[PDB]
Amino acid sequence: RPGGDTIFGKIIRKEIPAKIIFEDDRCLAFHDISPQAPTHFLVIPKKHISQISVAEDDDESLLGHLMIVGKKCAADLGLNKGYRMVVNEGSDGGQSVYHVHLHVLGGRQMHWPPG
Amino acid sequence: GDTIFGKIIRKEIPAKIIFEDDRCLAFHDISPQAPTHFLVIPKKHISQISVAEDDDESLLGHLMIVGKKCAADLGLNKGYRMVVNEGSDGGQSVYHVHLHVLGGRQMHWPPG
Ligand SMILES: CNc1nc(N)nc2c1ncn2[C@@H]1O[C@H](COP(=O)(O)O)[C@@H](O)[C@@]1(C)F
Ligand code: NA
């Protein structure tokens, strides 16, 4: 299925509702359902890639496009003071949905270490 | 507008370099927050992700592919976290774009 059958594939195909911020031919940006900050959204590719550890060398442009879209959405949402971009990989990374996604958190002071 | 990461790229100060190519450098972080904590930075000086242009997409994605390849070579088979901090709220320390890659322990949520 185009986009796959994880909850993110369903959101890509408009089968499950989501709060969409931006959409193009390569990616979708939408608000996280359990926000860990005043502003917390996700940017996902439309192409299904299960995890960053299995991304191909030709996925570089797409992965960079997730970050460019994440920084554009953050500026459009008024995050003028900054934000944190996060990609979780596997069990130690805390990954719970196996479809690559970039978290963007802002609206508050983010702390160190990042988890 | 030089930065300490510019001195590392230029080999003017020591760093434990993990990998280098013609457009990026990966090296262990001097103040590690996990058993394995390294950075991947572009050689081109982009001060922060908020000012990166559309033409930089391939270079930014290259940081993540190099980061995931370095993590595999460093034995992070149980997973890891990749982080990019922007500005004061993001907790950005050096004004040279850097991708943090942290593993070797359970990463917690929220991510700071
Ligand atoms: C109702 N859904 C959720 N509710 C609550 N409370 N926490 C959730 C939900 N989904 C995920 N998480 C948390 O997000 C983290 C990052 O996951 P990923 O985005 O990188 O895949 C996970 O480790 C989690 C389970 F702590
Ligand atoms: Na610099």
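All values below were derived from every heavy atom in this structure, side-chain atoms included, with hydrogens, water molecules and symmetry-related copies excluded. Proteins come first, then strands; the chains are lettered A, B, ... in the order of their sequence lines, and each starts at number 1. Counting convention: from 1, in listed order, for ligands and their atoms alike.
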message: Taking the ring centre of each residue, are B:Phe5 and B:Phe27 less than 6.0 Å apart?
response: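 Yes, close enough.
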task: To the nearest 0.5 Å, tell me how far B:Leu60 CG sits from B:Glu53 CD.
output: 10.5 Å
message: Can you check atom 12 (N) of ligand 1: any protein non-hydrogen atom closer than 4.0 Å?
response: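 It does not: no protein heavy atom is found less than 4.0 Å away from atom 12 (N) of ligand 1.
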- prompt: Which atoms of ligand 1 have any heavy atom of A:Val97 under 4.0 Å away?
  reply: 21 (O)
Numbered atoms of ligand 1 (with element) below 4.0 Å of A:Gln95, judged on heavy atoms: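 Selected atoms, number and element: 20 (O), 21 (O).
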Would you mind checking which non-hydrogen protein atom is closest to [atom], with the distance to 0.1 Å?
atom                    : result
atom 18 (P) of ligand 1 : A:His101 NE2, 3.1 Å
atom 24 (C) of ligand 1 : B:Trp109 CD1, 4.5 Å
atom 23 (O) of ligand 1 : A:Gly94 O, 2.7 Å
atom 20 (O) of ligand 1 : A:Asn88 ND2, 2.6 Å
atom 21 (O) of ligand 1 : A:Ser96 N, 2.8 Å
atom 2 (N) of ligand 1  : A:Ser34 OG, 3.7 Å

- prompt: So, A:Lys71 and B:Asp56, do they make that salt bridge, N to O below 4.0 Å?
  reply: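 Looking at A:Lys71 and B:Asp56, the cut-off is not met.
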message: Would you call the rings of A:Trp112 and B:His37 parallel, tilted or perpendicular, taking 30° and 60° as the class edges?
response: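 Correct class here is tilted.
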message: Please verify the inter-ring angle class for A:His48 with A:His99; under 30° counts as parallel, over 60° as perpendicular, anything in between as tilted.
response: tilted
Single-linkage hydrophobic cluster, 4.5 Å side-chain cutoff, B:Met64 and A:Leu42 together: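 Looking at the clustering, A:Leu42 is in a separate group from B:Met64.
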- prompt: Would you call A:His103 a ligand 1 contact, heavy-atom distance under 4.0 Å?
  reply: yes
- request: Please assess B:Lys43 against B:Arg23 for the test side chain to side chain contact (heavy atoms under 4.5 Å, CB included), listing each intermediate value before the final yes or no.
  value: CA-CA 5 Å; B:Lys43 293 186 163 187; B:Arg23 65 202 67 192; 5.6 Å; no
